[PDB]
Amino acid sequence: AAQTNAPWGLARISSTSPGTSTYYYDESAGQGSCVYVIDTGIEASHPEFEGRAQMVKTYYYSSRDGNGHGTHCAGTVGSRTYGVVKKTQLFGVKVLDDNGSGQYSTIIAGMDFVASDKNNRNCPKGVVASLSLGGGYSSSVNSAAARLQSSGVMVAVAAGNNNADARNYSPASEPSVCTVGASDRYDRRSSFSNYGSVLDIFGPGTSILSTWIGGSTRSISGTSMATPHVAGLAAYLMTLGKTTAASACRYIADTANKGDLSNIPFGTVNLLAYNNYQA
Amino acid sequence: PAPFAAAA
């Protein structure tokens, strides 16, 4: 399949050259897998989610996304139009309040939660969890991510947006998960992107059009928007049976576009998420 | 520390 005038991150993830406008992906499109968007919520009514999203648990009073971030992320991982995987099933776990903040324990909790809860769902193709969130290094936060990840989920993790070394940021630095950096459309590391020896790969994170609350849409920029592209790239390939939750990251990394990105520091990998879709 | 980011 092709999506003409696709968003550029979408066209990029499926091009071996910056510049293109179509997103080419296999049609299975993520279906079979599940993606927990552990974030602020997910306007599960967005017509763009066609009914494939649903709040599974909040850690607050509502379950609504009153922010946008998550619908945005949910969006990129698998909204019809704005998304990598147009057929994934999305579950919202709301760990971040409507300003987009969260305590490390309710996110630890959200992580132990999807580890359990996934057990009572039908996610035949793999289960991914996408954490476009983060903070200062914490070994319990890393522990949570690593538990979640060893419990069998494919944790994609934002490198962070502090254009620093992701080592002092947490999930980002749980070397066992999949820290994701951002690139812009000219193939440069996104100016805000964290980097370092712990990043495993890059995805489109600058100026990313996606779903927004109100049944709307909106571009924003972040390692927060690249994560969902690997989250969804991951999911899309799990359902493609190309890798598993336990190795989706190494595989996404080995098969990526290399040497392409400009702006990469010695120490950081020059690898850009890529689906090798051959029609 | 949290959004890693957007405006909302």
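The numbering shown runs from 1 along each chain in the order of its written sequence and may not match that of the entry; residues for which no coordinates exist are omitted. In the order they appear in the text, chains get letters beginning with A and ligands get numbers beginning with 1. The basis for every side-chain value is the complete set of non-hydrogen atoms in the structure, without hydrogens or water. Residues with missing side-chain atoms are left out of burial classes, side-chain pairs and their counts.

A. Layout of the interface of chain B and chain A. Note on contacts: a residue pair is in contact if any heavy atoms of the two residues lie within 4.5 Å. With eight residues of chain B at the contact, the number on the chain A side is 21 residues. Accessible surface is computed with a 1.4 Å probe, and the buried area is the amount of it that two parts give up when combined, taken over both parts together. Together chain B and chain A conceal approximately 960 Å² of surface at their shared face, both sides included; 55% is due to carbon and sulfur atoms. Between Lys or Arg on one side and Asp or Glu on the other, a salt bridge is scored when a side-chain nitrogen of the former is within 4 Å of a carboxyl oxygen of the latter. Summed over the shared surface of chain B and chain A, the number is zero salt bridges. Under the scheme applied here, ten amino acids are nonpolar (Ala, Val, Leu, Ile, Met, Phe, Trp, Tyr, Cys and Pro), four are charged (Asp, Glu, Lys and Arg), and all others, including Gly, are polar. Residue classes in the side of chain B that touches chain A are distributed as eight nonpolar, no polar and no charged.

B. Summary view of the UniProt feature "binding site: Ca(2+) 2" in chain A. Residues and elements named next belong to chain A. UniProt positions are given in the numbering used here, feature names are shortened, and annotations may be inferred rather than shown by experiment. In the UniProt entry, the feature "binding site: Ca(2+) 2" is given for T16 and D260. Taken along the chain, the residues just named run across 245 residues; in space they keep tight, none of their C-alpha pairs more than 8.6 Å apart. Once you skip the residues sitting within four places of it in the chain, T16 turns out to touch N257, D260 and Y274. Strands here are runs of E lasting at least two residues and helices are runs of H or I lasting at least four, both read from the DSSP assignment and numbered beginning at the N terminus. Positionally, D260 belongs in the loop between strand 14 (257-258) and strand 15 (271-272). Taking relative accessible area as the criterion, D260 reaches 29% and is therefore assigned partly exposed. With residues up to four places along the chain from it excluded, the contact list for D260 reads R12, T16, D187 and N270. A distance of 3.4 Å separates polar atoms of two side chains, one belonging to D260 and the other to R12. For every residue, the accessible area (1.4 Å probe, protein chains only) is compared with the maximum for its type, and the residue is labelled buried under 20%, exposed over 50%, or partly exposed between those bounds. Distance and chemistry together define a polar contact, namely a pair of N or O atoms within 3.5 Å, with one atom able to donate a hydrogen and the other to accept it when in protein, and with adjacent residues in sequence counting only for side-chain atoms on both sides.

C. Region of interest: the state of the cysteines. All names here are of chain A. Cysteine sulfurs are considered disulfide-paired once they come within 2.5 Å of each other. The tally for this structure, following the rule as stated, stands at two disulfides over all chains. Two residues, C34 and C123, share a disulfide whose sulfurs are 2.0 Å apart. The disulfide joining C34 to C123 has a torsion of about -90 degrees about its S-S bond and is therefore left-handed. In this pair, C34 sits in strand 3 (residues 33-39) while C123 sits in the loop between helix 3 (104-117) and strand 6 (126-131), placing the two residues 89 residues apart along the sequence. For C123, a relative accessible area of 11% gives the class buried.

D. Region of interest: the packing of aromatic side chains. Residue and element names in this part refer to chain A. Aromatic rings from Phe, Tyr and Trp, taking only the six-membered ring of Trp, are treated as a pair when their centres fall within 6.5 Å; an angle between ring planes under 30 degrees marks them as stacked, one over 60 as edge-to-face, and anything in between as tilted. According to the stated counting rule, one finds two aromatic pairs over all chains in the structure shown. With 5.3 Å between their ring centres and 35 degrees between their planes, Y36 and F91 make a pair best called tilted. Taken together, the residues span a long stretch of sequence, with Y36 in strand 3 and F91 in strand 5 (residues 89-94) at a distance of 55 residues. On the accessibility criterion, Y36 (0% relative accessible area) is buried. Residue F91 is classed as buried on the basis of its relative accessible area, which comes to 4%. In this analysis the charged atom, NZ for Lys or CZ for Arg, is taken to sit over a ring once it is within 6 Å of the ring centre and within 35 degrees of the ring normal. Between the NZ or CZ atom of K94 and the centre of the ring of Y60, over which it lies, the distance is 5.5 Å.

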